[PDB]
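Novice: Starting off with a structure, shown below.
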Amino acid sequence: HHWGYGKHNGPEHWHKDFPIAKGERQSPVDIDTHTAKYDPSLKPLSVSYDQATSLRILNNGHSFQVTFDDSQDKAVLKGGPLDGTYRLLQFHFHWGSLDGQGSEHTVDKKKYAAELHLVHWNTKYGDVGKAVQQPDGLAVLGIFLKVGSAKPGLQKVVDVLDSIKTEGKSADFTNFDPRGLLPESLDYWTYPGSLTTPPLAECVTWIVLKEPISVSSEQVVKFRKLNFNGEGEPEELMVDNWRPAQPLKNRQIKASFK
Ligand SMILES: NS(=O)(=O)C(F)(F)C(F)(F)C(F)(F)C(F)(F)F
Ligand SMILES: [Zn+2]
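Last residue of the sequence shown: 260 (the entry's author numbering), numbering continuous.
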């Protein structure tokens with residue numbers, strides 16, 4: 003069993019290969035808005051994506067991702083709850099089979115149709131492999147998707163998905179500007195957590211934006227036409243590629259806003 007999202011290899015099985023799945027700082031979590039504490043010491047988030055260089059778009063059999071040149075400080079996250087500078091490596095999404103599920107984080111138990119993760123690593127560790135071994139190695143910016151109006155800045159992504167249908171396919175994907183995926187407000191919740199896929203390392207400062215973006219039904223339908231399987235294997239729609247909320251345990255979720 004390679005891990006996945008199915009009955010026999012999904013999230014409830016992951017602890018067998020990755021025992022940290024039952025750890026003290028696992029992600030995602032439910033964000034209980036009434037118990038999150040406003041922290042006036044939290045700084046505004048600094049998102050500097052003007053010089054981003056996208057490279058490729060890839061179906062990895064679990065999601066699709068857009069990868070960036072992370073060999074220089076071109077697209078960086080700073081400020082917020084963070085110390086130092088975090089380079090953008092990639093973004094990807096989690097989504098559902100229907101609009102009432104798909105997000106990893108939840109808000110007062112509400113599930114969104116999808117969740118966008120912009121993955122960044124701390125430059126003090128030099129490379130992402132080293133960063134995942136550190137408790138402050140990664141910063142993932144999470145953005146909820148609800149279904150309504152289209153997000154124009156997402157359309158270039160969805161229009162190429164037919165070229166990466168099955169696991170193992172990739173395409174050139176240059177000049178994509180991730181600023182077109184961001185909501186108006188950068189108000190956020192933050193807490194210490196983990197990767198939400200294997201190896202589930204406890205290396206992430208999570209930053210989850212309060213404001214969702216809206217995407218159209220046609221845009222999310224194109225996500226749902228992707229396949230978990232490789233070409234030639236039985237077709238299994240890439241849907242419900244989300245890990246459920248995990249126990250908060252001894253953690254405090256902090257809000258940047260009142
Ligand atoms: N969902 S998530 O924690 O962003 C993640 F996909 F697991 C991930 F962090 F991006 C990751 F895949 F583990 C990696 F960091 F390797 F990119
Ligand atoms: Zn993710």
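Here a beta-carbon is modelled for each residue, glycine too, at the ideal position from N, C-alpha and C.
Bridge partners of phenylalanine 230, per DSSP?
Specialist: Here residue 230 corresponds to residue number 228 of the sequence shown, with the count starting at 1. The partner list for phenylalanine 230 (beta bridge, DSSP) is empty, contrary to what the question assumes.
Novice: Could you tell me whether any non-hydrogen atom of ligand 1 is closer than 7 Å to the CB of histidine 4?
Specialist: Here residue 4 corresponds to residue number 2 of the sequence shown, with the count starting at 1. Not under cutoff, so the answer is no.
Novice: Specify, as a first and last residue, the run of the alpha helix (DSSP H) that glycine 131 falls within.
Specialist: Start at 1 with the first residue of the sequence shown, and residue 131 comes out as number 129. 130 to 133 is the span of the alpha helix (DSSP H), which, as asked, contains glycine 131.
Novice: Short check: CB of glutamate 117 to CB of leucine 147, under 8 Å?
Specialist: Within the sequence shown, residue 117 is the residue found at index 115, counting from 1. Within the sequence shown, residue 147 is the residue found at index 145, counting from 1. Taking 8 Å as the Cβ cut-off, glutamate 117 and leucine 147 qualify as a contacting pair.
Novice: Between the beta-carbon of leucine 57 and the beta-carbon of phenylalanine 175, is there less than 8 Å?
Specialist: For this step, residue 57 is matched to residue 55 along the sequence shown. For this step, residue 175 is matched to residue 173 along the sequence shown. Yes, they are a contact pair.
Novice: Nearest to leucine 60 by alpha carbon, out of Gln53, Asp52, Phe70?
Specialist: Here residue 60 is taken as the residue at index 58 of the sequence shown, counted from 1. Taking only the C-alpha atoms, the option nearest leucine 60 is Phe70.
Novice: Quick one: does the C-beta of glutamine 92 sit closer than 7 Å to a heavy atom of ligand 1?
Specialist: Position 90 of the sequence shown, counted from the first residue, corresponds to residue 92. Indeed, a heavy atom of ligand 1 lies less than 7 Å from the Cβ.
Novice: What ranges does the beta strand (DSSP E) occupy inside the region 113 to 152, keeping only unbroken runs of at least 3 residues that lie completely in it?
Specialist: Fully enclosed beta strand (DSSP E) runs of 3 or longer: 116 to 124, 140 to 149.
Novice: Does the distance between the C-beta of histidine 119 and the nearest non-hydrogen atom of ligand 2 fall short of 7 Å?
Specialist: Taking the sequence shown and counting its residues from 1, one reaches residue 119 at position 117. Yes, the Cβ of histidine 119 comes within 7 Å of a heavy atom of ligand 2.
Novice: Counting only the same chain and skipping the five closest in sequence on each side, list residues whose C-beta sits under 8 Å from that of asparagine 229.
Specialist: On the sequence shown, position 227 is the one that residue 229 refers to. Within the same chain, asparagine 229 has close Cβ partners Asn61, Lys167, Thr168, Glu169, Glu237, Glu238, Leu239, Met240.
Novice: Excluding five sequence neighbours on each side, which residues of the same chain lie with their C-beta closer than 6 Å to the C-beta of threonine 108?
Specialist: Mapped onto the sequence shown, residue 108 falls at position 106. These residues qualify, in order along the chain: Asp32, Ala247.
Novice: CB-CB under 8 Å to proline 154, same chain, minus the five flanking residues each way: which ones, in chain order?
Specialist: Taking the sequence shown and counting its residues from 1, the one referred to as residue 154 is at position 152. Excluding sequence neighbours, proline 154 sits near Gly182.
Novice: Please report how far the alpha carbon of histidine 15 lies from the alpha carbon of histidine 3, in whole angstroms.
Specialist: Your numbering for residue 15 matches position 13 in the sequence shown. Your numbering for residue 3 matches position 1 in the sequence shown. Their backbone Cα atoms lie some 10 Å apart in a straight line.
Novice: For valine 206 and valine 160, which I take to be in contact (beta-carbon distance under 8 Å), what is that distance rounded to the nearest angstrom?
Specialist: Numbered from its first residue, the sequence shown carries residue 206 at position 204. Numbered from its first residue, the sequence shown carries residue 160 at position 158. About 27 Å separates the two Cβ atoms, so there is no contact after all.
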